């Protein structure tokens, strides 16, 4: 039986969300690609380059018009007529708009596509702009994080394929399943927060006992993600577990909320 077509495009980005996806432990990214979806366009992985890649793009969005999922990593820059990000000699935004027009639904992978991420931090030299400020006539599912958790990304895909529906979202378009609660609402160091047991300098006795990172700048109290429950890399760790406060990396504007080490 045919697999659901997926078109994955890349604007201004660092490719972290792509790398996160291939880390998926269950289902393995191999099995997602071979058995669950048809990954029909992807600059990172595809054999074809140049004019052969353009032909793939055109053929897929034409033959499966209205029927593919569009995954977007990165964002379009509005500076310099869009030519801060060039694909096939034209602004990236033209590729984004063409891809969007034929999509049944759009997944905005990562904080770049969802909100802006690092390139949109002050002073935003390229006028990098999130997808939902350019594409205003289509469902956008925001999957923020820098990058999002690997098994979150694959769980969202398996949900769409198994249940044949989009995940339910919050008012910001984030899947409720993984972004309904704050990091700090499921953090295993909350005991220490509640007791006033804080790391005050790196590698102090508090740090060696796993005390709370709030005084070292942890932004878990204002950050919605699954890092403190699902965790990272097949459950091995998350930022806080390995001794660094949450940066707030799933939240809009997190680079410009002051120093990561300040309250």
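Numbering follows the first chain given and starts at 1.
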property	result
Mean C-alpha temperature factor, higher of 213 to 221 and 58 to 66	58 to 66
Between the two ranges 111 to 119 and 156 to 164, the one averaging a larger CA B factor in the entry	156 to 164
Among 105, 143, 149, 72 - the residue whose C-alpha B-factor is largest in the record	105
Entry-reported Cα temperature factor of residue 89, expressed as the chain third it lands in	highest
Third of chain Cα B-factors occupied by residue 176	middle
For residue 76, the third of its chain into which the C-alpha B factor falls	lowest
Lowest, middle or highest third - CA B-factor, residue 191	middle
B-factor third for the C-alpha atom of residue 124 within its chain	middle
